[PDB]
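> Let me start by giving you these chains from the complex, positioned as in the assembled structure:
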Amino acid sequence: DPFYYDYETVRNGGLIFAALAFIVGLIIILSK
Amino acid sequence: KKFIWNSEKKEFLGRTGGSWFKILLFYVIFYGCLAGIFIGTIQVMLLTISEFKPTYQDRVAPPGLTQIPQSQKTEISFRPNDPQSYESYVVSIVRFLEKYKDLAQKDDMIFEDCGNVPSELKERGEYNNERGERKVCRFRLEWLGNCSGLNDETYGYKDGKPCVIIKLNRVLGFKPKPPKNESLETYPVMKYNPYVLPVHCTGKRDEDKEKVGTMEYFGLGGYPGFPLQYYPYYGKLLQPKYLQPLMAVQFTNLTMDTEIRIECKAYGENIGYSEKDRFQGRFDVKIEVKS
């Protein structure tokens, strides 16, 4: 039915994006 | 010392005249471009959606269950004697049913006589515009017995024992699916399980369920629900002057001068519920016929 949206997959992708962008930024401010 | 208003060397409100014109001309050109850009993008946005279907329909998954007396707090408090006490109710009922009169549904080019018995769904092709303006099945006020409009008794439904009809939230392409014959304890209901969406009212606790004595339902042919012959909806553009099914509920044996809570829960497979939205699927009302 068109009255359903896979919100769990989009939500999961958004949380993975939020985790990766933050750990990448931490690597950015840790130039070693 | 605050006369920076003007000077003999030209300044108004802070700057000169030639400066006011330069800044104003810039702001007019700047904001003009901003307006043209917002309009162009909003136009592309208009080109990404169609006219016969909303691009997303998941936010209206469980249809609602509304009523005719749109009370300020879903409460029906009036006096069985004072005609002005229940004027706010009757006014909204008459205006709601003003489009269901036999004179309103008179054109045969846009109306179709469904039938005196609830039947299967009526699918009028696809949702495109290849076909003309679809037909809308008629629904006369006579179907709601003892709660009809201005036919023989403009009773106002309030001389004791009020009437409260329920309506299913009109959703495009929504196909109601009543529960299976394997009904999981659904409160005395007729055996017309296949071609009508059941709706059953009740109290809310051990107190409300006792105060509410007897309830009488009215619908198409005498069934407490919505007939499947009126679905699905094909949008306002393709089906203007569409009449969704109606179903009345009368509370005969009520305890006067007592506010009691009623929950009219619509049952079905395609009918969801929500603990946060008391209107999705179910419906609440606080009736109090204080004499």
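It's in. Numbers count the residues shown, from 1 in each chain, chains lettered A, B, ... in the order given.
> switch to C-alpha atoms for all contacts and neighbour counts from now on
Will do.
> Show me which parts of stretch B:255-267 are buried, residue by residue.
For stretch B:255-267, burial by neighbour count (16 or more other CA atoms under 10 Å in any protein chain shown) applies to B:255, B:256, B:258, B:259, B:260, B:261, B:262, B:263, B:264, B:265, B:266, B:267.
> gap between that stretch and the chain center?
20 Å (CA atoms, centre = their mean, to the nearest Å).
> got the end-to-end distance for that stretch?
27 Å (CA to CA, to the nearest Å).
> Skipping adjacent residues, who's closest to whichever residue of chain A sits closest to chain B in space?
Residue of chain A nearest chain B, by CA to the nearest CA: residue A:3 (4.3 Å). Closest residue in space to residue A:3, ignoring its immediate chain neighbours: residue B:58 at 4.3 Å, by CA to CA, 6 or more residues apart in numbering or on different chains.
> pretty sure the one you found is touching residue A:5, no?
Yes - using CA atoms under 8 Å, residue B:58 is in contact with residue A:5, at 6.0 Å.
> still on that earlier bit, could you give the number of residues near the residue of chain A closest to chain B?
Other residues within reach of residue A:3, judged by other CA atoms under 10 Å in any protein chain shown, total 14.
> Confirm that it lies within a helix, as I assumed.
No - under DSSP: H, G, I helix; E, B strand; the rest coil, residue A:3 sits outside any helix and is assigned coil.
> okay but it is in contact with residue B:61, surely?
Yes - between residue A:3 and residue B:61 there is a contact under CA under 8 Å: 5.1 Å.
> Check which helices and strands the host helix or strand of residue B:167 sits against.
Residue B:167 is part of strand B:166-168, with elements assigned from DSSP states H and E. Under the contact criterion of 3 or more CA pairs under 8 Å, 6 or more residues apart in numbering or on different chains; DSSP states H and E, strand B:166-168 touches strand B:65-67, strand B:246-251.
> circling back: how close does the residue of chain A closest to chain B sit to residue B:54?
11 Å.
> quick one, phi psi at whichever residue of chain B sits closest to chain A?
Distances between chain B and chain A by CA to the nearest CA are smallest at residue B:58, namely 4.3 Å. With angles defined as degrees, to the nearest 10, residue B:58 sits at phi -80, psi -20.
> does any part of stretch A:10-19 sit near chain B?
No - if you take CA under 8 Å from any CA of the partner chain as the test, stretch A:10-19 misses chain B, and the best it gets is 14.2 Å.
> Specify the angle between the next helix or strand after the strand holding residue B:167 and strand B:246-251 in degrees.
Per DSSP H and E, the first helix or strand lying C-terminal to strand B:166-168 is strand B:196-202. For strand B:196-202 against strand B:246-251, the angle by axes from the mean of the first three to the mean of the last three CA atoms, to 10 degrees is 20 degrees.
> include chain C as well:
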Amino acid sequence: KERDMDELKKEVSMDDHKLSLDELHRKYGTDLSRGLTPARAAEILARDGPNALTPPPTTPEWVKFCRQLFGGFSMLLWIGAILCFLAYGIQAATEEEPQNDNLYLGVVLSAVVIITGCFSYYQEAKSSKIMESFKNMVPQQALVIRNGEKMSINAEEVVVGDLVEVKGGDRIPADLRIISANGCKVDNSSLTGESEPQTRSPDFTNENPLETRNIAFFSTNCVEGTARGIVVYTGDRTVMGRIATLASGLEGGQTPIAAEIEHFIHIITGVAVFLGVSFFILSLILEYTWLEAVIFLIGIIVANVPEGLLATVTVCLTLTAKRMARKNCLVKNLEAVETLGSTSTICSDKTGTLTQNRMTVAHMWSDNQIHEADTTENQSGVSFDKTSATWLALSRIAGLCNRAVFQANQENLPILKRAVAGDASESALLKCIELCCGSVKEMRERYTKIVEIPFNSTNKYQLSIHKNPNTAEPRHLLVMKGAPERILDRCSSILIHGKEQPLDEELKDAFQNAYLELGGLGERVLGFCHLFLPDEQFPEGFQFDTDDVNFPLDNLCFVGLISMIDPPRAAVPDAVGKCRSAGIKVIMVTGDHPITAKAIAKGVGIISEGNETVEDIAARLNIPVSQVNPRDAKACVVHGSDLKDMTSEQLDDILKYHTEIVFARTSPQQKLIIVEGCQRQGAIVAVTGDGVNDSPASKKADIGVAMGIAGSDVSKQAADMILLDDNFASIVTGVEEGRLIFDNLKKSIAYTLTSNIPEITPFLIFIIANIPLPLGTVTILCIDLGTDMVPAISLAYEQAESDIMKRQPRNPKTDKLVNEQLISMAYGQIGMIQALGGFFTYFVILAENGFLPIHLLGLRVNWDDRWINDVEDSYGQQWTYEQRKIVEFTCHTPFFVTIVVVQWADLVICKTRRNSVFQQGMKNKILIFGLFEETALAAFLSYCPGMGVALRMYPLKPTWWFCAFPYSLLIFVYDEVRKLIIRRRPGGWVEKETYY
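To build on what is shown above, here is chain C added in:
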């Protein structure tokens, strides 16, 4: 009535020093050789107060914490919190089921002020904490003669009118009136700024108590000799006591950064209340009642307050202050970190600040040639030629014939900073020989001294004879030093490259011009000579008892002159040049003698070489000084004696027509008058000093700079910045950072002020167009205090776009921190684009879910209704209350995301004010992390489980993330072409209208 008390302290002191010994003992009632009975001492001790200044006014910690909770920015946030609770009380008592939005906002504003107060207070408290670790007040007992006996008592137990004796090294307890001296020299450097040790004689010499020699002063140190004296002034009534009490009771003023913050709030609230009022009237003109319109007025005014700009500005200031503390340049006040950059006139001190305040061997004479010795504080300069025989002879004359030796612990300390016992001149000579000629220990004991002759009261000469350890000649080595006029009369032979020559005037006059060269340079010169005593007329057994003529006074062999002076610190001249390069007027203010002050001025850069004083022109033309026009003289020396007879207009003209000024022989009170004269012009003033005379000058100055070790405690407390390393170049670092953080604050402020337009426009058109609310309150909190915090903090890390030490100091009446150009950019152009992008994402969300944008007009009437659960969209669908509210909140979340997306471009363009991003470059790692964290946080707030429940922020369909991209790219391209026309066209349109 404290006004009169401060006025009687701005006046230079008076005295009764000019009195006969009998009149003094009669006025005070004191025995000249026995002092007084201990009874009288205790009777006065318990009569007027112990000999010690009243402690400073203690500042409780709750007072300064309450101070940090106030100010100007925190006050605007306070009035905002008040308006928030006012709106919540109104909404509560007048309507049904009131919302907690306004309450949430009021508690947020209160939390903002509390947090800013806690960290700003922790920083200022940390500065004062590390400052208390520098008070190493060691008690010093004075030698007092009472009842005819010598006793050493605490300095506080000393009273008025009692005999006091001081020894070379001891500190002058109170203000004494010398009665008997024995070649006594005191050190008036910390008080009157007199560099060389001024001697103290019992005879009255000058009408000024400071210049005369019959007065010893509080906090001064008796360098050499011993003396006696009657205590005239005690406790706070002393000279340095009146100076310190004046310092504490002076006004601090209003810093430049603070005045900029105040004018900033003036514009913030100006447009805030203009919007709130014009929209209050607009809402009443539409339909909304006074009850609703009042809430609209409060909402629009409160919404226009940068809630997070307080923490960002605080962190900005703290970051630059961190860099200051890294270079040992501690600031006591936080905003004091900015004042150095805005300065345009630096009033400096000579002794201890411009100079090292220490006698050092400046130049030497040998082979009729001047040899400049290294006089740097850390020995990092040119070394003279030390391979000639003239040097090998002169160095022994100095290392042997000198009453100077190192002390006990003088081992691990360097050759210069170590303590030397004896005369200051002999100390400079001992250090120079110990530094450029190996060691003086084994060099002094190598020549066993037989008979010596110390310095004489008349014809001051110091001679001594020593045995000769050379393996070729057993003749006795006689050496003598003294003033060149005393040695020229007792010399006939002259040393050159190892051999001798007669006193021919061809080279003797060449010696005279060298003497006047080193002397006219403000230095003190001495002459050194030696002679080989014939072992045939004075054998190795003969003893030359110091009675008769055993040594030939004349016919000696002159080797060379040795001058000496207090040299300036290492990076002092270069730093002065850098300040002049930045357009800062350098004005010397010292109480030292003008003959030395002018030389140090020319030596450091205050007086440019070539510029002439009003007296120099009269000397070059051999005409009276009253003839030359002062307009033909760029520089000028102003004596303190003449300064006493000056008016306000005269001092104004001195500063207006003379570009290089040097105030000499000026009292501390006159120093304060000079600082005030500089402030009358309207320019930012910075006073750099060390002694107590710099306390009333460092206090009244817009910013005071004290030396961390070579400075006095009073001027160190009355100052606003401390140099813990005494590296005067830190002043240059300060003036650079003060301009740097100023421009960066401009960038960060324009950033926080840009997001205000898309934060308020949703509510504005919500009132006008009657559309559903596009942006929520908690989402606004997630933008102002959530995401944007890291980008705004990173904007402090931006570097210089051009050379800031090249541009002139900012005009305070012209270059405002937030001028009308920044408002035209943030509120006018960039914020406008961001608001349109937010509305675009808004209409996209509603049109895709069934509510066409044209249909959204007049919809909020029934949309906000909590019971109309059949709200028709554009397709005829019926929406319940919670369903459409879910759409509205999941419409607030992407509006917030849209804000972050447009803030990407706004941050990149705000990073550069004039340069292009291609030129400057994304080298700011804190900014890169700012964008990564900003985006990751914005995504987390939307997709974390339970956010549509707690913060009412629902997850977003991925296409929403791209609804804001074109607006961001547009912002970036527009600002880039802006900075490009600013570069190519520096004339006026793009520069005077948008460049902020």
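> let's see the buried residues of stretch B:255-267 again after adding chain C.
B:255, B:256, B:258, B:259, B:260, B:261, B:262, B:263, B:264, B:265, B:266, B:267.
> What's opposite the residue nearest to the second one when sequence neighbours are not counted in the beta bridge?
Meaning residue B:256. In this structure, residue B:256 finds its nearest non-sequential neighbour in residue B:289, 5.1 Å apart by CA to CA, 6+ apart. Beta-bridge pairing for residue B:289 (DSSP bridges): residue B:78.
> if I pick residue B:289, what's in contact with it?
B:76, B:77, B:78, B:79, B:80, B:160, B:255, B:256, B:257, B:258, B:259 (CA atoms under 8 Å, 6 or more residues apart in numbering or on different chains).
> Please report how far it lies from residue B:76.
7 Å.
> now residue A:7
For residue A:7, the distance to residue B:76 - CA to CA - is 39 Å.
> What is the neighbour count of residue C:249?
Count around residue C:249 with other CA under 10 Å applied: 16.
> What residues does chain C have near chain B?
Of all the residues in chain C, those lying near chain B are C:833, C:836-837, C:840, C:843-844, C:847-850, C:867-870, C:874-883, C:886-887, going by CA under 8 Å from any CA.
> Filter these down to the ones in strands?
C:878, C:879 (DSSP state E).
> Neighbours of residue 4, how many?
You didn't pick a chain, so chain A it is. Count around residue A:4 with other CA under 10 Å applied: 12.
> Switch to chain C, please.
Residue C:4: 9 neighbours (other CA under 10 Å).
> helix or strand for it, which one?
Applying DSSP H and E, one finds residue C:4 within helix C:2-10.
> Mind listing what's buried along that helix?
C:9, C:10.
> surely residue C:191 meets residue C:695?
No - here residue C:191 lies out of contact with residue C:695, judged by CA under 8 Å, at a distance of 10.2 Å.
> When those two are compared, which one has more neighbours?
Set residue C:191 next to residue C:695 and count neighbours by other CA under 10 Å: residue C:695 wins out with 34 against 24.
> Return the distance of the more buried one relative to residue C:14.
20 Å.
> Could you do residue C:550 as well?
Taken as CA to CA, the span from residue C:550 to residue C:14 is 52 Å.
> is it true that residue B:263 lies in a strand?
Yes - using three-state DSSP, the assignment for residue B:263 is a strand.
> Tell me how many other residues crowd residue B:205.
Neighbour tally, residue B:205, other CA under 10 Å: 11.
> so who does residue 5 touch?
If you meant another chain, say so; for now it's chain A. So residue A:5 contacts residue B:58 (CA under 8 Å, 6+ apart).
> nope, chain B please
B:11, B:12, B:13, B:14.
> Check whether it sits in a helix, strand or coil.
Relying on three-state DSSP, one would call residue B:5 coil.
> Buried residues of the strand or helix carrying residue B:21, list them for me.
Residue B:21 belongs to helix B:17-47 when elements are defined using DSSP H and E. Within helix B:17-47, the residues scored as buried using 16+ other CA under 10 Å are B:34, B:37, B:38, B:41, B:42, B:45, B:46.
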